[PDB]
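Asker: mmCIF, N, CA and C atoms, saved as start_3.cif, coming up:
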```
data_protein
loop_
_atom_site.label_atom_id
_atom_site.label_comp_id
_atom_site.auth_asym_id
_atom_site.auth_seq_id
_atom_site.Cartn_x
_atom_site.Cartn_y
_atom_site.Cartn_z
N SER A 943 -6.74 39.18 -30.70
CA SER A 943 -6.60 37.93 -29.96
C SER A 943 -6.46 36.77 -30.93
N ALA A 944 -5.71 37.01 -32.00
CA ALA A 944 -5.34 35.95 -32.94
C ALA A 944 -4.28 35.02 -32.39
N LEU A 945 -3.56 35.42 -31.34
CA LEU A 945 -2.54 34.60 -30.70
C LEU A 945 -3.13 33.65 -29.67
N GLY A 946 -4.44 33.73 -29.45
CA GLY A 946 -5.06 32.97 -28.38
C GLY A 946 -5.40 31.54 -28.76
N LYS A 947 -5.12 31.13 -30.00
CA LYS A 947 -5.24 29.72 -30.34
C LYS A 947 -4.10 28.91 -29.74
N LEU A 948 -2.95 29.56 -29.54
CA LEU A 948 -1.87 29.00 -28.74
C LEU A 948 -2.29 28.87 -27.29
N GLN A 949 -3.02 29.88 -26.81
CA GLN A 949 -3.61 29.86 -25.48
C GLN A 949 -4.72 28.83 -25.35
N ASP A 950 -5.38 28.49 -26.47
CA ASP A 950 -6.35 27.40 -26.48
C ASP A 950 -5.67 26.06 -26.26
N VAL A 951 -4.48 25.87 -26.84
CA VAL A 951 -3.68 24.66 -26.64
C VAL A 951 -3.20 24.57 -25.19
N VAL A 952 -2.80 25.72 -24.64
CA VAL A 952 -2.40 25.86 -23.24
C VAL A 952 -3.56 25.57 -22.28
N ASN A 953 -4.74 26.10 -22.58
CA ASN A 953 -5.88 25.92 -21.70
C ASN A 953 -6.51 24.55 -21.85
N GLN A 954 -6.37 23.93 -23.03
CA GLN A 954 -6.75 22.53 -23.18
C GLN A 954 -5.85 21.60 -22.40
N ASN A 955 -4.53 21.87 -22.42
CA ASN A 955 -3.56 21.15 -21.61
C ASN A 955 -3.81 21.30 -20.12
N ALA A 956 -4.03 22.53 -19.68
CA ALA A 956 -4.28 22.81 -18.27
C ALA A 956 -5.66 22.36 -17.86
N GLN A 957 -6.62 22.36 -18.78
CA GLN A 957 -7.99 21.99 -18.47
C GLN A 957 -8.13 20.49 -18.34
N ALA A 958 -7.47 19.74 -19.24
CA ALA A 958 -7.43 18.29 -19.14
C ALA A 958 -6.61 17.83 -17.96
N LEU A 959 -5.54 18.56 -17.63
CA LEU A 959 -4.76 18.17 -16.48
C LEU A 959 -5.41 18.56 -15.16
N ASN A 960 -6.16 19.66 -15.12
CA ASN A 960 -6.92 19.99 -13.92
C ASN A 960 -8.16 19.13 -13.80
N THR A 961 -8.63 18.56 -14.91
CA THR A 961 -9.62 17.50 -14.84
C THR A 961 -9.02 16.24 -14.23
N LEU A 962 -7.76 15.95 -14.55
CA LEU A 962 -7.09 14.80 -13.94
C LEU A 962 -6.73 15.05 -12.48
N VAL A 963 -6.53 16.31 -12.12
CA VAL A 963 -6.53 16.72 -10.72
C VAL A 963 -7.90 16.48 -10.10
N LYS A 964 -8.96 16.85 -10.83
CA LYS A 964 -10.29 17.00 -10.27
C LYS A 964 -10.99 15.67 -10.04
N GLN A 965 -10.75 14.68 -10.89
CA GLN A 965 -11.32 13.36 -10.63
C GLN A 965 -10.48 12.49 -9.71
N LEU A 966 -9.41 13.01 -9.10
CA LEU A 966 -8.91 12.36 -7.89
C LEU A 966 -9.86 12.54 -6.73
N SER A 967 -10.58 13.66 -6.69
CA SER A 967 -11.62 13.88 -5.71
C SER A 967 -12.88 13.06 -5.97
N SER A 968 -13.06 12.56 -7.19
CA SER A 968 -14.11 11.60 -7.46
C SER A 968 -13.76 10.26 -6.82
N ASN A 969 -14.74 9.67 -6.15
CA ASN A 969 -14.52 8.43 -5.44
C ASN A 969 -14.87 7.20 -6.25
N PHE A 970 -15.63 7.38 -7.35
CA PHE A 970 -16.14 6.34 -8.26
C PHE A 970 -16.96 5.28 -7.54
N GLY A 971 -17.84 5.71 -6.66
CA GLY A 971 -18.71 4.82 -5.93
C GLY A 971 -18.13 4.33 -4.63
N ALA A 972 -16.86 4.63 -4.34
CA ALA A 972 -16.27 4.11 -3.13
C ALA A 972 -16.62 4.98 -1.93
N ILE A 973 -16.16 4.54 -0.77
CA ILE A 973 -16.48 5.21 0.49
C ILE A 973 -15.66 6.47 0.67
N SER A 974 -14.53 6.57 -0.02
CA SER A 974 -13.69 7.75 0.04
C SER A 974 -13.01 7.91 -1.30
N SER A 975 -12.53 9.12 -1.56
CA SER A 975 -11.61 9.31 -2.66
C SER A 975 -10.18 9.41 -2.15
N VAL A 976 -9.99 9.24 -0.85
CA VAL A 976 -8.66 9.12 -0.27
C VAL A 976 -8.42 7.65 0.06
N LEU A 977 -7.32 7.10 -0.45
CA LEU A 977 -7.01 5.69 -0.23
C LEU A 977 -6.52 5.45 1.19
N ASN A 978 -5.89 6.45 1.79
CA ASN A 978 -5.29 6.28 3.11
C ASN A 978 -6.32 6.30 4.22
N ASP A 979 -7.53 6.81 3.93
CA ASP A 979 -8.69 6.60 4.80
C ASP A 979 -9.05 5.13 4.89
N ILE A 980 -9.09 4.46 3.73
CA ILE A 980 -9.44 3.05 3.63
C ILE A 980 -8.33 2.19 4.22
N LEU A 981 -7.09 2.61 4.01
CA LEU A 981 -5.96 1.86 4.54
C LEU A 981 -5.78 2.11 6.03
N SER A 982 -6.22 3.27 6.52
CA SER A 982 -6.17 3.55 7.93
C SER A 982 -7.39 3.04 8.67
N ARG A 983 -8.42 2.60 7.95
CA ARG A 983 -9.60 2.06 8.61
C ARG A 983 -9.79 0.57 8.40
N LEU A 984 -9.62 0.08 7.19
CA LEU A 984 -10.09 -1.25 6.84
C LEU A 984 -8.95 -2.25 6.83
N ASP A 985 -9.26 -3.47 7.26
CA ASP A 985 -8.47 -4.64 6.93
C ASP A 985 -8.56 -4.87 5.43
N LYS A 986 -7.46 -5.34 4.80
CA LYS A 986 -7.40 -5.51 3.30
C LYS A 986 -8.45 -6.39 2.64
N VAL A 987 -8.89 -7.66 3.20
CA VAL A 987 -9.85 -8.48 2.42
C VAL A 987 -11.26 -7.92 2.29
N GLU A 988 -11.61 -6.95 3.12
CA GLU A 988 -12.77 -6.14 2.81
C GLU A 988 -12.40 -4.78 2.24
N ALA A 989 -11.11 -4.49 2.08
CA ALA A 989 -10.77 -3.18 1.53
C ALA A 989 -10.57 -3.19 0.03
N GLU A 990 -10.28 -4.36 -0.59
CA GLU A 990 -9.96 -4.39 -2.03
C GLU A 990 -11.17 -4.06 -2.90
N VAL A 991 -12.37 -4.32 -2.39
CA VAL A 991 -13.60 -3.92 -3.06
C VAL A 991 -13.84 -2.42 -2.93
N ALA B 348 -31.55 0.34 29.45
CA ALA B 348 -32.80 0.90 28.95
C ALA B 348 -33.38 0.08 27.80
N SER B 349 -34.58 0.47 27.38
CA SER B 349 -35.28 -0.18 26.28
C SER B 349 -34.76 0.32 24.94
N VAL B 350 -35.27 -0.29 23.87
CA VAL B 350 -34.69 -0.10 22.54
C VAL B 350 -35.20 1.20 21.93
N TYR B 351 -36.50 1.46 22.06
CA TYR B 351 -37.08 2.74 21.65
C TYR B 351 -36.66 3.87 22.58
N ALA B 352 -36.41 3.55 23.85
CA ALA B 352 -36.01 4.50 24.87
C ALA B 352 -34.51 4.44 25.11
N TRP B 353 -33.76 4.33 24.01
CA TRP B 353 -32.32 4.09 23.99
C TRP B 353 -31.55 5.26 24.57
N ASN B 354 -30.61 4.95 25.46
CA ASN B 354 -29.87 6.00 26.13
C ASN B 354 -28.56 6.27 25.41
N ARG B 355 -28.29 7.55 25.19
CA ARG B 355 -27.13 7.97 24.43
C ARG B 355 -26.17 8.72 25.33
N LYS B 356 -24.92 8.28 25.35
CA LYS B 356 -23.87 9.02 26.01
C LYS B 356 -22.90 9.55 24.96
N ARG B 357 -22.58 10.83 25.08
CA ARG B 357 -21.56 11.47 24.26
C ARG B 357 -20.27 11.37 25.06
N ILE B 358 -19.41 10.44 24.67
CA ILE B 358 -18.19 10.20 25.43
C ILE B 358 -17.07 11.02 24.80
N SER B 359 -16.45 11.87 25.61
CA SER B 359 -15.41 12.76 25.13
C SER B 359 -14.18 12.62 26.01
N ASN B 360 -13.07 13.21 25.51
CA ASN B 360 -11.79 13.45 26.20
C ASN B 360 -11.13 12.14 26.65
N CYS B 361 -10.78 11.33 25.65
CA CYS B 361 -10.34 9.96 25.89
C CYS B 361 -8.96 9.69 25.34
N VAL B 362 -8.18 8.94 26.12
CA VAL B 362 -7.15 8.06 25.56
C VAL B 362 -7.79 6.68 25.54
N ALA B 363 -8.45 6.38 24.43
CA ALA B 363 -9.38 5.26 24.37
C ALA B 363 -8.70 4.05 23.75
N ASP B 364 -8.45 3.04 24.57
CA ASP B 364 -7.89 1.77 24.11
C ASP B 364 -9.03 0.78 23.94
N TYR B 365 -9.53 0.67 22.70
CA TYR B 365 -10.62 -0.25 22.41
C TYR B 365 -10.16 -1.68 22.21
N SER B 366 -8.85 -1.93 22.17
CA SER B 366 -8.34 -3.27 21.93
C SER B 366 -8.56 -4.17 23.14
N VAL B 367 -8.61 -3.59 24.34
CA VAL B 367 -8.95 -4.36 25.52
C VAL B 367 -10.45 -4.48 25.72
N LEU B 368 -11.25 -3.78 24.91
CA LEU B 368 -12.70 -3.84 25.07
C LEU B 368 -13.26 -5.14 24.49
N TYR B 369 -12.99 -5.41 23.21
CA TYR B 369 -13.50 -6.64 22.61
C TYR B 369 -12.67 -7.86 22.98
N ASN B 370 -11.47 -7.68 23.52
CA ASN B 370 -10.70 -8.83 23.98
C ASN B 370 -11.14 -9.29 25.36
N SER B 371 -11.93 -8.49 26.06
CA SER B 371 -12.72 -9.01 27.17
C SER B 371 -13.74 -10.00 26.62
N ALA B 372 -13.73 -11.22 27.16
CA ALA B 372 -14.43 -12.33 26.54
C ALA B 372 -15.89 -12.43 26.94
N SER B 373 -16.39 -11.48 27.74
CA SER B 373 -17.82 -11.44 28.07
C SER B 373 -18.65 -11.00 26.88
N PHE B 374 -18.07 -10.21 25.97
CA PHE B 374 -18.79 -9.66 24.83
C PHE B 374 -18.90 -10.73 23.76
N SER B 375 -20.13 -11.15 23.49
CA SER B 375 -20.37 -12.30 22.62
C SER B 375 -20.34 -11.91 21.15
N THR B 376 -21.24 -11.03 20.73
CA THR B 376 -21.40 -10.67 19.33
C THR B 376 -20.75 -9.31 19.11
N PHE B 377 -19.75 -9.27 18.24
CA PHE B 377 -18.98 -8.06 17.99
C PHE B 377 -18.76 -7.93 16.50
N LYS B 378 -19.07 -6.76 15.95
CA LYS B 378 -18.72 -6.44 14.58
C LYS B 378 -18.52 -4.94 14.49
N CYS B 379 -17.84 -4.52 13.43
CA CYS B 379 -17.63 -3.12 13.12
C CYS B 379 -17.75 -2.96 11.62
N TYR B 380 -18.02 -1.73 11.16
CA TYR B 380 -18.49 -1.55 9.80
C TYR B 380 -17.52 -0.78 8.91
N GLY B 381 -17.14 0.43 9.29
CA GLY B 381 -16.24 1.18 8.44
C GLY B 381 -14.78 1.07 8.81
N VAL B 382 -14.50 0.78 10.08
CA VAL B 382 -13.14 0.54 10.55
C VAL B 382 -13.08 -0.93 10.90
N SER B 383 -11.94 -1.56 10.61
CA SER B 383 -11.77 -2.91 11.12
C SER B 383 -11.48 -2.89 12.62
N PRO B 384 -11.78 -3.97 13.35
CA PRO B 384 -11.43 -4.00 14.79
C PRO B 384 -9.95 -4.12 15.10
N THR B 385 -9.10 -4.43 14.12
CA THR B 385 -7.65 -4.45 14.31
C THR B 385 -7.07 -3.07 14.58
N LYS B 386 -7.57 -2.04 13.91
CA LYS B 386 -6.90 -0.76 13.94
C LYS B 386 -7.80 0.33 14.51
N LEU B 387 -8.60 -0.02 15.52
CA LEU B 387 -9.43 0.96 16.22
C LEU B 387 -8.58 1.90 17.06
N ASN B 388 -7.84 1.38 18.04
CA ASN B 388 -7.12 2.22 18.99
C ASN B 388 -5.75 2.72 18.49
N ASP B 389 -5.53 2.76 17.17
CA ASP B 389 -4.43 3.46 16.55
C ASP B 389 -4.84 4.82 16.00
N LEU B 390 -6.11 5.19 16.12
CA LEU B 390 -6.65 6.35 15.42
C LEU B 390 -7.26 7.34 16.39
N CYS B 391 -7.85 8.38 15.81
CA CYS B 391 -8.63 9.38 16.53
C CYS B 391 -10.03 9.36 15.93
N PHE B 392 -11.05 9.60 16.75
CA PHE B 392 -12.42 9.44 16.28
C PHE B 392 -13.34 10.60 16.58
N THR B 393 -12.86 11.61 17.31
CA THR B 393 -13.41 12.91 17.71
C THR B 393 -14.53 12.82 18.77
N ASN B 394 -15.07 11.64 19.07
CA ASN B 394 -16.21 11.33 19.93
C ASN B 394 -16.45 9.82 20.02
N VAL B 395 -17.28 9.44 20.99
CA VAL B 395 -18.08 8.22 20.95
C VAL B 395 -19.51 8.61 21.29
N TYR B 396 -20.43 8.38 20.35
CA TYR B 396 -21.85 8.36 20.67
C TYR B 396 -22.21 6.90 20.88
N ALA B 397 -22.33 6.48 22.13
CA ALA B 397 -22.74 5.11 22.42
C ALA B 397 -24.22 5.10 22.76
N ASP C 398 -6.75 -31.28 7.04
CA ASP C 398 -6.36 -30.64 8.30
C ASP C 398 -7.53 -30.65 9.27
N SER C 399 -7.40 -31.44 10.34
CA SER C 399 -8.50 -31.76 11.24
C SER C 399 -8.21 -31.32 12.66
N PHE C 400 -9.24 -30.80 13.33
CA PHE C 400 -9.15 -30.29 14.70
C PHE C 400 -10.54 -30.27 15.33
N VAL C 401 -10.61 -29.73 16.55
CA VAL C 401 -11.80 -29.75 17.39
C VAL C 401 -12.20 -28.32 17.75
N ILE C 402 -13.46 -27.97 17.49
CA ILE C 402 -14.03 -26.65 17.70
C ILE C 402 -15.23 -26.81 18.64
N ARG C 403 -15.43 -25.82 19.53
CA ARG C 403 -16.60 -25.74 20.41
C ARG C 403 -17.93 -25.72 19.67
N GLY C 404 -18.07 -24.95 18.61
CA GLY C 404 -19.24 -25.08 17.76
C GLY C 404 -20.00 -23.81 17.46
N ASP C 405 -19.77 -22.67 18.12
CA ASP C 405 -20.37 -21.42 17.66
C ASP C 405 -19.34 -20.38 17.25
N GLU C 406 -18.05 -20.70 17.30
CA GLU C 406 -17.03 -19.92 16.62
C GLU C 406 -16.65 -20.54 15.27
N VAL C 407 -17.60 -21.20 14.60
CA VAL C 407 -17.30 -21.91 13.36
C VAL C 407 -17.15 -20.97 12.17
N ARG C 408 -17.60 -19.72 12.31
CA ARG C 408 -17.36 -18.70 11.30
C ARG C 408 -15.91 -18.22 11.28
N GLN C 409 -15.18 -18.40 12.39
CA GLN C 409 -13.84 -17.84 12.55
C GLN C 409 -12.79 -18.57 11.71
N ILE C 410 -13.04 -19.83 11.34
CA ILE C 410 -12.10 -20.67 10.60
C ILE C 410 -11.99 -20.20 9.14
N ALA C 411 -13.03 -19.53 8.62
CA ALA C 411 -13.15 -19.00 7.26
C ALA C 411 -12.09 -17.93 6.96
N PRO C 412 -11.68 -17.78 5.70
CA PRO C 412 -10.71 -16.73 5.36
C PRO C 412 -11.31 -15.34 5.45
N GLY C 413 -10.42 -14.37 5.66
CA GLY C 413 -10.84 -13.00 5.91
C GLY C 413 -11.52 -12.81 7.24
N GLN C 414 -11.02 -13.45 8.29
CA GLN C 414 -11.64 -13.40 9.61
C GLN C 414 -10.66 -12.88 10.65
N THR C 415 -11.22 -12.29 11.70
CA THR C 415 -10.45 -11.71 12.79
C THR C 415 -11.11 -12.06 14.11
N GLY C 416 -10.36 -12.69 15.00
CA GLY C 416 -10.90 -13.01 16.31
C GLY C 416 -10.02 -14.00 17.04
N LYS C 417 -10.68 -14.99 17.64
CA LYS C 417 -9.97 -15.88 18.55
C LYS C 417 -9.22 -16.96 17.79
N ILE C 418 -9.96 -17.75 17.00
CA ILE C 418 -9.40 -18.95 16.40
C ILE C 418 -8.57 -18.58 15.17
N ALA C 419 -8.94 -17.47 14.51
CA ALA C 419 -8.23 -17.02 13.32
C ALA C 419 -6.87 -16.42 13.67
N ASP C 420 -6.83 -15.55 14.67
CA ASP C 420 -5.57 -14.89 15.00
C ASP C 420 -4.73 -15.72 15.95
N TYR C 421 -5.38 -16.57 16.75
CA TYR C 421 -4.69 -17.18 17.87
C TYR C 421 -4.57 -18.69 17.76
N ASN C 422 -5.37 -19.34 16.92
CA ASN C 422 -5.32 -20.79 16.85
C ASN C 422 -5.00 -21.30 15.46
N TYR C 423 -5.70 -20.81 14.43
CA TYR C 423 -5.53 -21.32 13.08
C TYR C 423 -5.95 -20.24 12.08
N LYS C 424 -4.98 -19.70 11.36
CA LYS C 424 -5.26 -18.74 10.31
C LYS C 424 -5.32 -19.46 8.97
N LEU C 425 -6.37 -19.20 8.21
CA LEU C 425 -6.53 -19.72 6.86
C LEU C 425 -6.18 -18.61 5.89
N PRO C 426 -5.43 -18.87 4.82
CA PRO C 426 -5.15 -17.81 3.84
C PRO C 426 -6.38 -17.48 3.01
N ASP C 427 -6.33 -16.29 2.41
CA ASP C 427 -7.50 -15.77 1.73
C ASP C 427 -7.61 -16.32 0.31
N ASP C 428 -6.54 -16.93 -0.19
CA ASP C 428 -6.53 -17.64 -1.45
C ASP C 428 -6.70 -19.16 -1.29
N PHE C 429 -7.53 -19.58 -0.34
CA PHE C 429 -7.68 -20.97 0.08
C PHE C 429 -8.33 -21.85 -0.98
N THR C 430 -7.53 -22.72 -1.58
CA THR C 430 -8.00 -23.73 -2.52
C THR C 430 -8.60 -24.85 -1.68
N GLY C 431 -9.92 -24.90 -1.64
CA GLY C 431 -10.56 -26.07 -1.09
C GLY C 431 -11.77 -25.75 -0.25
N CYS C 432 -11.90 -26.54 0.82
CA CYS C 432 -13.16 -26.70 1.52
C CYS C 432 -12.93 -26.83 3.02
N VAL C 433 -13.97 -26.50 3.78
CA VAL C 433 -13.99 -26.77 5.22
C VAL C 433 -15.13 -27.76 5.47
N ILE C 434 -14.85 -28.75 6.31
CA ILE C 434 -15.81 -29.78 6.67
C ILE C 434 -16.06 -29.62 8.15
N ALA C 435 -17.32 -29.60 8.57
CA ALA C 435 -17.59 -29.54 10.00
C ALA C 435 -18.82 -30.35 10.33
N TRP C 436 -18.71 -31.14 11.40
CA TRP C 436 -19.84 -31.89 11.92
C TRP C 436 -19.76 -31.91 13.43
N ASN C 437 -20.94 -32.00 14.05
CA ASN C 437 -21.04 -32.12 15.50
C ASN C 437 -20.57 -33.49 15.96
N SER C 438 -19.82 -33.51 17.05
CA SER C 438 -19.23 -34.72 17.61
C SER C 438 -19.42 -34.75 19.11
N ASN C 439 -20.67 -34.51 19.55
CA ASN C 439 -20.98 -34.40 20.97
C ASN C 439 -20.90 -35.75 21.67
N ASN C 440 -21.20 -36.82 20.94
CA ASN C 440 -20.95 -38.16 21.45
C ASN C 440 -19.46 -38.50 21.46
N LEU C 441 -18.68 -37.90 20.56
CA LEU C 441 -17.28 -38.27 20.41
C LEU C 441 -16.36 -37.46 21.32
N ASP C 442 -16.57 -36.15 21.41
CA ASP C 442 -15.63 -35.30 22.12
C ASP C 442 -16.22 -34.58 23.32
N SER C 443 -17.38 -35.00 23.81
CA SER C 443 -17.89 -34.51 25.08
C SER C 443 -18.40 -35.68 25.91
N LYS C 444 -18.17 -35.60 27.22
CA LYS C 444 -18.59 -36.67 28.11
C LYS C 444 -19.42 -36.16 29.29
#
```
Any chance you could give the structure as structure tokens?
Answerer:
Amino acid sequence: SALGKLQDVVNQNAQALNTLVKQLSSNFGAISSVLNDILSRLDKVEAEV
Amino acid sequence: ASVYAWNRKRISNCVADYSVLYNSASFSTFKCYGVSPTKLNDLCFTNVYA
Amino acid sequence: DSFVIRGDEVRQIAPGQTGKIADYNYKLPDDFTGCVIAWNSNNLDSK
């Protein structure tokens, strides 16, 4: 498995990108991690926060 | 009913137009929390627990 | 900009508001540079 350092580069790429997939589900303190929930529920001057 | 003896109705199976509810001018104090009152009757809510 | 209000819908004139006076009488923008002045005028505008 000496060829797996190339696979390490592949899994680092896929791991960082699936992390960027995965923190879309993070809401960062907000009421949803879906923006269209907020846009389908809230008027904008209380929605920008 | 009283406040501690609060009565709950599970309201189901609605084509619910809430825009005519608060535009009836008998209702004095009106607010909403997670949805704005502009876009209530454009959505689905699965129930009303009143 | 001056007008006449009944006196308990005075919150409606403020920006970011929804109701009678905001949607139907006078909308204020949310980037409002300035101030609102209000005083009772029961001797002036009620008889």
Asker: List as a ChimeraX atom specification the protein and nucleic acid residues near region 377-387 of chain B, meaning an atom at most 8 Å away when only C-alpha atoms are counted, but skip any in the same chain fewer than 3 places from it.
Answerer: /A:982-985 /B:365-366,369,374,390 /C:415
Asker: Quick one, how far is atom C of residue 400 (chain C) from atom N of residue 431 (chain C)?
Answerer: 17.8 Å
Asker: Suppose you want the space between CA of residue 978 (chain A) and CA of residue 367 (chain B); what is it in Å?
Answerer: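 Here the two named atoms are 25.1 Å from each other.
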Asker: Determine the residue membership of the PyMOL selection byres ((chain A and name CA) within 12 of (chain B and name CA)) for the file above and supply it as a CSV table (one decimal) with N, CA and C atoms, in the coordinates of the input.
Answerer:
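What follows is the written file selection.csv:
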```
chain,number,residue,atom,x,y,z
A,972,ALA,N,-16.9,4.6,-4.3
A,972,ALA,CA,-16.3,4.1,-3.1
A,972,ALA,C,-16.6,5.0,-1.9
A,973,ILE,N,-16.2,4.5,-0.8
A,973,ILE,CA,-16.5,5.2,0.5
A,973,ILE,C,-15.7,6.5,0.7
A,974,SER,N,-14.5,6.6,0.0
A,974,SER,CA,-13.7,7.8,0.0
A,974,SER,C,-13.0,7.9,-1.3
A,979,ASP,N,-7.5,6.8,3.9
A,979,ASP,CA,-8.7,6.6,4.8
A,979,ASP,C,-9.0,5.1,4.9
A,980,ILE,N,-9.1,4.5,3.7
A,980,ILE,CA,-9.4,3.0,3.6
A,980,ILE,C,-8.3,2.2,4.2
A,981,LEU,N,-7.1,2.6,4.0
A,981,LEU,CA,-6.0,1.9,4.5
A,981,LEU,C,-5.8,2.1,6.0
A,982,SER,N,-6.2,3.3,6.5
A,982,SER,CA,-6.2,3.6,7.9
A,982,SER,C,-7.4,3.0,8.7
A,983,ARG,N,-8.4,2.6,8.0
A,983,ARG,CA,-9.6,2.1,8.6
A,983,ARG,C,-9.8,0.6,8.4
A,984,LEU,N,-9.6,0.1,7.2
A,984,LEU,CA,-10.1,-1.2,6.8
A,984,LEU,C,-9.0,-2.2,6.8
A,985,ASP,N,-9.3,-3.5,7.3
A,985,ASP,CA,-8.5,-4.6,6.9
A,985,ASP,C,-8.6,-4.9,5.4
A,986,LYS,N,-7.5,-5.3,4.8
A,986,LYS,CA,-7.4,-5.5,3.3
A,986,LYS,C,-8.4,-6.4,2.6
A,987,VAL,N,-8.9,-7.7,3.2
A,987,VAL,CA,-9.8,-8.5,2.4
A,987,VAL,C,-11.3,-7.9,2.3
A,988,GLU,N,-11.6,-7.0,3.1
A,988,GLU,CA,-12.8,-6.1,2.8
A,988,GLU,C,-12.4,-4.8,2.2
A,989,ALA,N,-11.1,-4.5,2.1
A,989,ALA,CA,-10.8,-3.2,1.5
A,989,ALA,C,-10.6,-3.2,0.0
```
Asker: Figure out the distance between atom N of residue 427 (chain C) and atom N of residue 414 (chain C), please, to one decimal in Å.
Answerer: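 Distance between the two atoms: 8.0 Å.
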Asker: Go through C:437, C:399, C:443, C:409 one by one, measure the shortest atom-to-atom distance of each to residue 424 (chain C) using only N, CA and C atoms, and give the residue with the smallest value.
Answerer: C:409
Asker: Which of chain C counts as alpha helix (DSSP H) under DSSP, as number ranges by chain please?
Answerer: C: 417-421, 439-442
Asker: Evaluate the PyMOL selection byres ((chain B and resi 359-363) around 7) here and jot the selected residues down as a PyMOL selection string.
Answerer: chain B and resi 356-358+364-366+388+393-395
Asker: Using only C-alpha atoms, find each residue in chain C having at least one atom no more than 12 Å away from chain B; report its shortest atom-to-atom pair and that distance in Å (one decimal), rows by chain then rising number, as JSON lines.
Answerer:
```
{"residue": "C:405", "atom": "CA", "partner": "B:375", "partner_atom": "CA", "distance": 10.4}
{"residue": "C:406", "atom": "CA", "partner": "B:375", "partner_atom": "CA", "distance": 10.3}
{"residue": "C:413", "atom": "CA", "partner": "B:383", "partner_atom": "CA", "distance": 11.4}
{"residue": "C:414", "atom": "CA", "partner": "B:383", "partner_atom": "CA", "distance": 10.6}
{"residue": "C:415", "atom": "CA", "partner": "B:385", "partner_atom": "CA", "distance": 7.9}
{"residue": "C:416", "atom": "CA", "partner": "B:370", "partner_atom": "CA", "distance": 8.7}
{"residue": "C:417", "atom": "CA", "partner": "B:370", "partner_atom": "CA", "distance": 8.9}
{"residue": "C:420", "atom": "CA", "partner": "B:385", "partner_atom": "CA", "distance": 10.7}
{"residue": "C:421", "atom": "CA", "partner": "B:370", "partner_atom": "CA", "distance": 12.0}
```
Asker: Just region 375-388 of chain B, please, as a PDB file, in the first residue's frame (only N, CA and C atoms).
Answerer:
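Result file selection-v2.pdb:
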```pdb
ATOM      1  N   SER B 375     -57.146  42.933  18.440  1.00  0.00           N
ATOM      2  CA  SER B 375     -56.374  44.109  18.819  1.00  0.00           C
ATOM      3  C   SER B 375     -54.878  43.844  18.757  1.00  0.00           C
ATOM      4  N   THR B 376     -54.392  42.903  19.557  1.00  0.00           N
ATOM      5  CA  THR B 376     -52.970  42.633  19.686  1.00  0.00           C
ATOM      6  C   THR B 376     -52.639  41.377  18.897  1.00  0.00           C
ATOM      7  N   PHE B 377     -51.765  41.524  17.907  1.00  0.00           N
ATOM      8  CA  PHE B 377     -51.425  40.433  17.008  1.00  0.00           C
ATOM      9  C   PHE B 377     -49.923  40.444  16.791  1.00  0.00           C
ATOM     10  N   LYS B 378     -49.292  39.289  16.971  1.00  0.00           N
ATOM     11  CA  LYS B 378     -47.897  39.120  16.597  1.00  0.00           C
ATOM     12  C   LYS B 378     -47.689  37.663  16.235  1.00  0.00           C
ATOM     13  N   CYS B 379     -46.599  37.406  15.521  1.00  0.00           N
ATOM     14  CA  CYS B 379     -46.182  36.063  15.156  1.00  0.00           C
ATOM     15  C   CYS B 379     -44.668  36.007  15.273  1.00  0.00           C
ATOM     16  N   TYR B 380     -44.122  34.800  15.410  1.00  0.00           N
ATOM     17  CA  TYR B 380     -42.748  34.666  15.871  1.00  0.00           C
ATOM     18  C   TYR B 380     -41.804  34.087  14.825  1.00  0.00           C
ATOM     19  N   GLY B 381     -42.083  32.901  14.301  1.00  0.00           N
ATOM     20  CA  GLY B 381     -41.175  32.332  13.331  1.00  0.00           C
ATOM     21  C   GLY B 381     -41.552  32.573  11.896  1.00  0.00           C
ATOM     22  N   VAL B 382     -42.836  32.801  11.634  1.00  0.00           N
ATOM     23  CA  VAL B 382     -43.320  33.151  10.308  1.00  0.00           C
ATOM     24  C   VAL B 382     -43.786  34.594  10.407  1.00  0.00           C
ATOM     25  N   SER B 383     -43.544  35.368   9.349  1.00  0.00           N
ATOM     26  CA  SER B 383     -44.155  36.689   9.329  1.00  0.00           C
ATOM     27  C   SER B 383     -45.647  36.580   9.026  1.00  0.00           C
ATOM     28  N   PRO B 384     -46.466  37.560   9.442  1.00  0.00           N
ATOM     29  CA  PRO B 384     -47.897  37.522   9.083  1.00  0.00           C
ATOM     30  C   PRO B 384     -48.219  37.779   7.615  1.00  0.00           C
ATOM     31  N   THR B 385     -47.258  38.258   6.816  1.00  0.00           N
ATOM     32  CA  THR B 385     -47.452  38.428   5.382  1.00  0.00           C
ATOM     33  C   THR B 385     -47.609  37.111   4.642  1.00  0.00           C
ATOM     34  N   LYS B 386     -46.866  36.086   5.032  1.00  0.00           N
ATOM     35  CA  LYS B 386     -46.796  34.889   4.214  1.00  0.00           C
ATOM     36  C   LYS B 386     -47.280  33.665   4.983  1.00  0.00           C
ATOM     37  N   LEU B 387     -48.317  33.847   5.810  1.00  0.00           N
ATOM     38  CA  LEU B 387     -48.936  32.723   6.506  1.00  0.00           C
ATOM     39  C   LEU B 387     -49.703  31.823   5.552  1.00  0.00           C
ATOM     40  N   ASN B 388     -50.715  32.345   4.861  1.00  0.00           N
ATOM     41  CA  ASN B 388     -51.599  31.525   4.039  1.00  0.00           C
ATOM     42  C   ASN B 388     -51.052  31.223   2.631  1.00  0.00           C
TER      43      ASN B 388
END
```
